[PDB]
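J.: My sequence and its experimental structure, below.
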Amino acid sequence: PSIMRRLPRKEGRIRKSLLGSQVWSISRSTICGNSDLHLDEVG
Amino acid sequence: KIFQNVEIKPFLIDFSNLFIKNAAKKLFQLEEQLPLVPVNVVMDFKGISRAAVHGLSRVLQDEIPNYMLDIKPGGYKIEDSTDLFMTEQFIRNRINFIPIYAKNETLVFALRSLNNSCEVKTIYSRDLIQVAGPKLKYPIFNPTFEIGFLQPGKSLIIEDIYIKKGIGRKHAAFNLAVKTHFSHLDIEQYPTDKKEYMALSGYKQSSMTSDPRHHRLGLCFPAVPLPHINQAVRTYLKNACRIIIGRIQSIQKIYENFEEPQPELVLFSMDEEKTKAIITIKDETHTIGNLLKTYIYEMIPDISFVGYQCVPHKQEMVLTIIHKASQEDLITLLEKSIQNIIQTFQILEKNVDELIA
Amino acid sequence: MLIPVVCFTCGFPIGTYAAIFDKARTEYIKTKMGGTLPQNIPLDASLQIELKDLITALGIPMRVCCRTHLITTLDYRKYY
Amino acid sequence: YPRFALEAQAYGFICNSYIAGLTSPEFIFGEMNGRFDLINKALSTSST
Amino acid sequence: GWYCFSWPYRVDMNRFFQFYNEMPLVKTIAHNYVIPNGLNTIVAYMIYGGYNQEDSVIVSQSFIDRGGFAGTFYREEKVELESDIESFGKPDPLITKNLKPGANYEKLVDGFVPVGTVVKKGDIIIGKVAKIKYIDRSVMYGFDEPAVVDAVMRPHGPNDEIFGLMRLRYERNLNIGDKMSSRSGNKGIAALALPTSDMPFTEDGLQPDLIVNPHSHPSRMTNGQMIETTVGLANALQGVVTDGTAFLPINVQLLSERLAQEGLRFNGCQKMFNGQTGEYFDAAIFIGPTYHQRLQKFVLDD
Amino acid sequence: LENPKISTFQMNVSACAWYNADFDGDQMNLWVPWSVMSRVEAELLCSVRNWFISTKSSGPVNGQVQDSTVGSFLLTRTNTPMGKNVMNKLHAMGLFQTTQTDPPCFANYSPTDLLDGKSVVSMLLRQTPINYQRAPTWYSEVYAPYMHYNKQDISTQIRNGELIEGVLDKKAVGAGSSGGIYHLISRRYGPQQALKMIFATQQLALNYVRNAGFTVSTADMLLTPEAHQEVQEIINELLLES
Amino acid sequence: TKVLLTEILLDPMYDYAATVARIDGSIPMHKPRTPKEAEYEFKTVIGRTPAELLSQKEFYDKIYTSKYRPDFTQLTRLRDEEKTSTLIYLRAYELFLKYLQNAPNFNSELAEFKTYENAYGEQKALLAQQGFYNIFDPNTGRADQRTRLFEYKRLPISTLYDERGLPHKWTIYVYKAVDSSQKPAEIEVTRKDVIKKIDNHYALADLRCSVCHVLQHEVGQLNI
Ligand SMILES: [Mg+2]
Ligand SMILES: [Zn+2]
Ligand SMILES: [Zn+2]
């Protein structure tokens, strides 16, 4: 374990914590077809 | 006579086949027909719209109240059911779909299967013992259903198997009739064997233009007692009619209160002396919507618009009627159409009584 | 794990004839099997085992779905 | 196929349609072509 | 499918036991060595309202209620102790510390929830307190869908120390968002479920279990799925099961003439009616038994 | 969606072009803005009407896909195996009962009057009158020698919202079609109005196939015995030249 | 006592012996509900009291032994099939117990019963057959071999070149009128002109070469 190994890679500090972010108030699910919804609507 | 020329025939076991005869004799000691048989009914309707006949078919399929066998919570005795493969979900799914011809909602059954042998033992529906209700003078289901099987030294105890009532569109175990035939007898047909016609339906008129009014509808009922077939089928038919009438009558209760602000009906006064009416009935299907649209359209040939969209994810029927009359005239025509529907199905019920003797 | 009580597609009561259709079917196969080990029946390349008339003798209609689910359903008792 | 075969079939010419079915050598040559579609799809994510 | 023949004796994690399996009407030599996994669903290749576009499918709700692709899904809860510090038992609010807020400790019996009870989110399934007066090292059921406790046991580990093993079961029907596939690799997501009176039906009463878009074929060229439906259509009526192994000699022209010998049409298409309106289509529809399989991608888990 | 049994994110198939998505097992994220500032910004900037026109290619992103492309062709087709492609008043009214627009007026029509697909389409495109004249995807010089094209189907012409002639297919109504019906509606009435017309025309196309029917079978892929002999005569000439 | 009970209740041997004890009624068909029932079931199955089990050093010597001792010498192939299944089950349990106890002369008996159970499994495999069908060629009497596969054939060289040696270019479409009264009888057009000169009153008869001006169907009249 070192201080400067926290930085470099995709799982590092810069790319995982600063350039991206874990967030609250978000949802995920499989998407599905529905022909009764308008193009600007989501079920 | 809208409904004439019914024909009824049961589905029976052919005991002239040696394999079937030997298997039936060795398994259940079965020598004659089972107490409950499937019954095919073919009906001819004349001078009636496709909407009414198809609504009757749909109601007889999965919109008529019907009975099944279910397990009350706690009925599956975990302490006593030692079998590892006969789970509650599996056995409950099996039992729910046994077709019954029940007389009352008070009968309660039980299943107490013990396997004291070194071979797997099959649990049949003849092992369903009645434990509550008046003693049955005739079985309500066949005894030849494979409910399950127990490994050697295992048990299956299920109590409180009761009769549950519902409609098939909620759970398929309440479905009643299976479709076996539907045709229009007043539309000519092609010979579809020929390779020049095999990609077409067969009717010589397009569905976008044709208006058939003479139909043949054939439905099969899964479990009807042998000595009372005519009594059962007739009942079913009449029941369906009443069901439809009831639902239509509910909408008759809406139009009668159009002066009072009511959520199921919205009236608008548009331009060019045109009145718009929107009827939103929750938990209604294409049966009543199609009936309403067809009969309003027949009552008002020169209507500006009528539609009945039923969206699956909204779970309601929305009927839109745009007509160049005032609100009062529109409501009057609406009750006239509803009365025509009621009269049609009352005539259907009378013909059902007149045909099946 | 068994032949379903009703047809999965239309709901015709297939199950009430399932057990019988089991036993009879085996007997029928015993007539047509012929000098071939049982586990090699699906490999014989000379067999003509048709159950159409056997199912018809049970009263089951000529529906594609019902006969499909009756003929093709696996039995857990026969593999365990 | 033999060594220095001159026929067109030996080098990936599939004479059959899908509705008629491919033979074993035709299916192998078709699997060679179809494997690239899977490889290039997996590469089109990382390379892009 | 039947993922294991000894499933009741196992406490496995994320395992699914599908109840009903069928041999394909058009089987192969691979089915002499492994159990088939799937059902011979009746499939209509048609446009029905636009709900099966872009690789979606329309499923019969009745087919779902009857047990089609239904099964039981299993999860595991293995909890370990610290030797002579931790123990299994129901905590008490007036002694123990940092209990989880909004947790239901009332379902525990001697530290374990009894077998046969329904556990929902926030229920404590295994009680565990460490002696400092006490700190609550409990396990809370953090899943949206409720489960049922299927088996509870206290086996002995490699160090001869007690750990708690719990098996939780889920009654998994087919539901919207679950993935199905044919043996030709044409997968799909269940998009709409219709009642038995809304599905299309043929003149002879046949109705589909799945409705798949015809637009999934032309760009993918999964012709073995269409030939299987053509062959299996005559197999059902003839009461037979045939072999459709790859590289066996076939003639689609003769397989189509086999349909006309059984009273059907050459193309296997039939006159169908719209179940919602009762109106016939101005086109015969290709409908027949196609073997479909349920892929173990559950929307309830994703 | 009030049904408790539904766990999926449902969207219109014509909205899949924004996300390069389909329904073979894709999963998508969804977060709802709660703060006022982010909830204002979602409406005014990030609404999907702001990307009907591609920033990458400067063309429309959305259109008909796979059921309303062939459904529009079948609806606007001049002739049918049953004769002329017409429908009575009741079935013409039924095409508009799902479009969720204001229904047109059918009062000047007897129950036995027949309306064709071009009249029904015109009743919808009158609200956003555009001008369009291109040859459809249906016409190809590749098929012309071996097919009898109808002279009323190979020239799509719309003036002021009235479909004078021709069929509607991928060229006019397809997704990503530059200069198409929805690209022209967006340039004249806005990308939000174009999205309404993609939905409204998709309901007309799907409601036509609701009793026209569309299927694919195995016999659709089968050459006749005489034609199979002609294909392997062609292949034998290739192997002869080889 | 508790650790011994927990160790043994999770032993598959214990559940197998308990099943054999239930089959002949030595123990109740349901699981124990009380400490007394559990102790009685343990005493019957294991053959020793849990407290007495520690006392000694044997474990397998007194495990249940089925009550009915059928004659397994009729397992020598010699209301029989259900009896055969019963004999298979009991013999399997008895040999399992023998293997646990390392009883002398076990391997030979094990192989013998393996042969017996292979025969029994063959019978069960017969029971587990759905059927099978082969589409026969009527001309033959066996599985159909007719196919629509491609079949190579060396065509005449005249199908590619004319009598002057130049290649064919099939680029003239020849249309004949379906109706006899229609005039002109034939129209020859190029691909770009078909939409301009041909209607449904004509049908495509044949192609034509643009070099030697021969019909495709009359290419065999060229001297090879
Ligand atoms: Mg995908
Ligand atoms: Zn069926
Ligand atoms: Zn030439």
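T.: The structure has been received and is ready for your questions. Residues are numbered from 1 along each chain as shown, chains lettered A, B, ... in the order given. Ligands and ions are numbered 1, 2, ... in the order given.
J.: CA atoms for contacts and neighbours, from now on please.
T.: Fine.
J.: May I have the secondary structure class of the residue sitting furthest away from the middle of chain A?
T.: Largest separation from the mean C-alpha position in chain A: residue A:36, at 28.8 Å (C-alpha atoms, centre = their mean). For residue A:36, the assignment made with DSSP: H, G, I helix; E, B strand; the rest coil gives coil.
J.: which residues sit in contact with it?
T.: Residue A:36 makes contacts with B:311, F:12, as judged by C-alpha atoms under 8 Å, 6 or more residues apart in numbering or on different chains.
J.: Quick one: name whatever helix or strand follows the helix or strand hosting residue E:181.
T.: Using DSSP states H and E, residue E:181 sits in strand E:179-182. Toward the C-terminus, strand E:179-182 is succeeded by strand E:187-194 as the next helix or strand (DSSP H and E).
J.: Output the contacting helices and strands for that following strand.
T.: Strand E:187-194 is packed against strand A:27-33, strand E:56-60, helix E:61-65, strand E:179-182, with contacts defined by 3 or more C-alpha pairs under 8 Å, 6 or more residues apart in numbering or on different chains; DSSP states H and E.
J.: highest average neighbour count across those?
T.: Mean neighbour count (mean count of other C-alpha atoms under 10 Å in any protein chain shown) peaks for strand E:56-60 among the helices and strands packed on strand E:187-194, with a mean of 28.
J.: Ok, which of the helices and strands packed on strand E:187-194 comes nearest residue F:177?
T.: Counting by C-alpha to C-alpha, residue F:177 lies closest to strand A:27-33 out of the helices and strands packed on strand E:187-194; the figure is 22.4 Å.
J.: Contacts (any at all) between ligand 1 and the closest one?
T.: No. For strand A:27-33 and ligand 1, the contact criterion (C-alpha under 5 Å from the ion) is not met; the two come no nearer than 9.9 Å.
J.: Report all helices and strands that that strand contacts.
T.: The criterion is 3+ C-alpha pairs under 8 Å, 6+ apart, and the helices and strands that strand A:27-33 contacts are strand E:187-194, strand F:9-11, strand F:27-30.
J.: mind running it again at 7 Å?
T.: In terms of contacts (3 or more C-alpha pairs under 7 Å, 6 or more residues apart in numbering or on different chains; DSSP states H and E), strand A:27-33 is packed against strand F:9-11, strand F:27-30.
J.: Going by neighbour count, list what's buried in the shortest one.
T.: Which is strand F:9-11. F:9, F:10, F:11 (16 or more other C-alpha atoms under 10 Å in any protein chain shown).
J.: Residue C:32 - how many residues pack around it?
T.: Residues lying near residue C:32 (other C-alpha atoms under 10 Å in any protein chain shown) number 13.
J.: To clarify, my last question referred to residue F:46.
T.: Residue F:46 has 12 nearby residues by other C-alpha under 10 Å.
J.: separation between it and residue B:94?
T.: When C-alpha to C-alpha, to the nearest Å is applied, the distance between residue F:46 and residue B:94 equals 52 Å.
J.: go on, residue B:313?
T.: Using C-alpha to C-alpha, one gets 30 Å for the distance from residue B:313 to residue B:94.
J.: Looking at those two, which is more packed in?
T.: residue B:94 (23 against 15).
J.: which strands and helices sit next to the strand or helix carrying that one?
T.: Residue B:94 belongs to helix B:88-96 when elements are defined using DSSP H and E. With contacts taken as 3+ C-alpha pairs under 7 Å, 6+ apart, helix B:88-96 sits against strand B:66-71, strand B:146-150.
J.: for these, which one sits closest to residue F:4?
T.: Distances from residue F:4 to each of the helices and strands packed on helix B:88-96 were compared using C-alpha to C-alpha; the minimum, 22.7 Å, belongs to strand B:66-71.
J.: Show me the contact partners of the closest one.
T.: Strand B:66-71 is contacted from outside by B:92, B:95-96, B:99-100, B:102, B:160-167, B:173-174, B:176, using C-alpha atoms under 7 Å, 6 or more residues apart in numbering or on different chains.
J.: Assign a three-state SS to residue B:259, would you?
T.: coil.
J.: cool, and residue C:61?
T.: At residue C:61, secondary structure determined by three-state DSSP is coil.
J.: got a list of what it touches?
T.: Contacts of residue C:61 (C-alpha under 7 Å, 6+ apart): none.
J.: and residue F:85, which of the helices and strands packed on strand E:187-194 is closest to it?
T.: Among the helices and strands packed on strand E:187-194, strand E:56-60 comes nearest to residue F:85, with 28.5 Å by C-alpha to C-alpha.
J.: Between the two ends of stretch E:60-75, what distance do you get?
T.: With C-alpha to C-alpha as the measure, stretch E:60-75 spans 28 Å from end to end.
J.: now check that stretch, is it near chain B?
T.: Yes. For stretch E:60-75 and chain B, the contact criterion (C-alpha under 7 Å from any C-alpha of the partner chain) is met by E:62, E:65, E:66.
J.: The longest helix anywhere in chain C versus strand B:146-150: what angle between them?
T.: As assigned by DSSP state H, the longest helix anywhere in chain C is helix C:18-32. Here the directions of helix C:18-32 and strand B:146-150 differ by 80 degrees (axes from the mean of the first three to the mean of the last three C-alpha atoms, to 10 degrees).
J.: Which strands and helices lie in contact with helix C:18-32?
T.: helix B:18-28.
J.: Only C-alpha atoms, please: export the helix or strand following the helix it packs on in CSV.
T.: Later in the chain than helix B:18-28, the nearest helix or strand by DSSP H and E is strand B:36-46. Output in CSV follows, covering the C-alpha atoms of strand B:36-46 (Å, rounded to 0.1, in the frame of the first residue of the first chain):
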residue,chain,number,x,y,z
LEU,B,36,-66.8,-35.4,-15.7
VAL,B,37,-66.2,-35.1,-19.5
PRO,B,38,-65.3,-32.2,-21.7
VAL,B,39,-68.2,-30.9,-23.8
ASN,B,40,-67.9,-29.2,-27.2
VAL,B,41,-70.8,-26.8,-28.1
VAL,B,42,-71.2,-25.3,-31.6
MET,B,43,-73.6,-22.5,-31.9
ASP,B,44,-75.1,-20.6,-34.9
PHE,B,45,-76.1,-17.0,-34.6
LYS,B,46,-78.0,-15.0,-37.2
